[PDB]
Asks: 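Before I ask anything, let me first share the structure, which is written out below as structure tokens.
Numbering starts at 1 and runs along the sequence shown. Just so you know, ligand 1 is whichever comes first in the structure, and atom 1 is the first atom listed for that ligand.
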Amino acid sequence: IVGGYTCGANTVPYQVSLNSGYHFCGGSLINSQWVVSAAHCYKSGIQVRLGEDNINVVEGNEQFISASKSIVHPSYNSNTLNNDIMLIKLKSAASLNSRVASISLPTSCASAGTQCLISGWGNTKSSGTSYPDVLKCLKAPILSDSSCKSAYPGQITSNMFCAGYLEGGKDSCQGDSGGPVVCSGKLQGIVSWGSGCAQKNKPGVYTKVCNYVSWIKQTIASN
Ligand SMILES: CCOC(=O)[C@H](CCCNC(=N)N)NC(=O)c1ccccc1
Ligand SMILES: N=C(N)NCCC[C@@H](NC(=O)c1ccccc1)C(=O)O
Ligand SMILES: NC(=[NH2+])NCCC[C@H](N)C(=O)O
Ligand SMILES: [Ca+2]
Ligand SMILES: [Cl-]
Ligand SMILES: [Cl-]
Ligand SMILES: [Cl-]
């Protein structure tokens, strides 16, 4: 996250970390057993870390649970990043508390102009590399499908939306992928892609979760 702020410890209770010996992606807890992340975050033997603030220090609110299933969208395209969504089933159910909770799925697509909260342990620098210990937070509005397509001609599918600032200065970045975009109390986005971070006319591009609600519910029911 570039141009964000320190969330505060366990102030994003749905924010998880996907660890393969190290943090490489975010994810969103949507119920006791299931996480939504980005398809491009797929890898074998994922450990899910919940109740994290400082991802490099044990603070005592963590739950560490192995992924038993990692299910990439059937039409995920690694080149276009179309359908950049994955479901992870937890080997056991997370314990509900003030610090570890699910975020609700959308019932509708949110409107351009709606404010969203974007969170993660990704790069905080648009030039060079700095990884924060503690979770960073950004407030960023959904941008018009029109200004998104203007920024990324020939690249924005109906499964993608832009959020942020056409002037740049605030964005998601490398290591935020799979993390939540939460608008009007609902999970509307997954951190997917962008050209650089926080650059002018180059806002973050997010998986449009409202298109996947029926696939998510069917996957959960079957598995
Ligand atoms: C695991 C690393 O992936 C990520 O977190 C990022 C997220 C990008 C956010 N960028 C914004 N401008 N908001 N994804 C990639 O890397 C990417 C690749 C190639 C091209 C673009 C992104
Ligand atoms: N399908 C199940 N077997 N579930 C058991 C729930 C146990 C546990 N978890 C939550 O209720 C929870 C829900 C959302 C987010 C985090 C936890 C509890 O009893 O604490
Ligand atoms: N527009 C915002 N995102 N405001 C929140 C920034 C952080 C908050 N003002 C604080 O003192 O910790
Ligand atoms: Ca920790
Ligand atoms: Cl709708
Ligand atoms: Cl629009
Ligand atoms: Cl176009």
Asks: Identify which one of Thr207, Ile103, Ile30 satisfies the side chain to side chain contact (heavy atoms under 4.5 Å, CB included) criterion when paired with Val36.
Replies: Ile30
Asks: Does the side chain of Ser119 come under 3.5 Å of the side chain of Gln15 through a donor N or O and an acceptor N or O?
Replies: yes
Asks: Report the residues that fulfil salt bridge (charged side-chain N to carboxylate O under 4.0 Å, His left out) with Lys43, sequence neighbours left out, ordered by chain and then residue number.
Replies: none
Asks: Check ligand 2 against the protein and report each N/O to N/O distance under 3.5 Å, formatted as atom name, atom name, distance.
Replies:
unit_1   : atom_1 : unit_2 : atom_2 : d
ligand 2 : 1 (N)  : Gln33  : OE1    : 2.9
ligand 2 : 4 (N)  : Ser32  : OG     : 3.2
ligand 2 : 9 (N)  : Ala94  : O      : 2.8
ligand 2 : 20 (O) : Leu96  : N      : 2.9

Asks: With sequence neighbours excluded, what pairs up with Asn223 under the side chain to side chain contact (heavy atoms under 4.5 Å, CB included) test?
Replies: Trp34, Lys69, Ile71, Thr219
Asks: What does the list of residues with a heavy atom under 4.0 Å from ligand 3 look like, ordered by chain and number?
Replies: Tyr5, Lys139
Asks: Give the ring-plane orientation class for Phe161 versus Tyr206, where under 30° counts as parallel, over 60° as perpendicular and anything between as tilted.
Replies: tilted
Asks: Treat each ILVMFWY residue as a node, draw an edge where side-chain heavy atoms are under 4.5 Å apart, and state whether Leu135 and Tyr5 are in one component.
Replies: yes
Asks: Kindly indicate, with the supporting measurements, whether the criterion side chain to side chain contact (heavy atoms under 4.5 Å, CB included) is fulfilled by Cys148 and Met160.
Replies: CA-CA 9 Å; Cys148 192; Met160 299 173 184; 5.9 Å; no
Asks: Can you check side chain to side chain contact (heavy atoms under 4.5 Å, CB included) on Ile118 and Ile1, steps first, answer last?
Replies: CA-CA 8 Å; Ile118 314 176; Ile1 306 290; 4.1 Å; yes
Asks: How are the rings of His73 and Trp215 set relative to one another: parallel (under 30°), tilted (30 to 60°) or perpendicular (over 60°)?
Replies: tilted
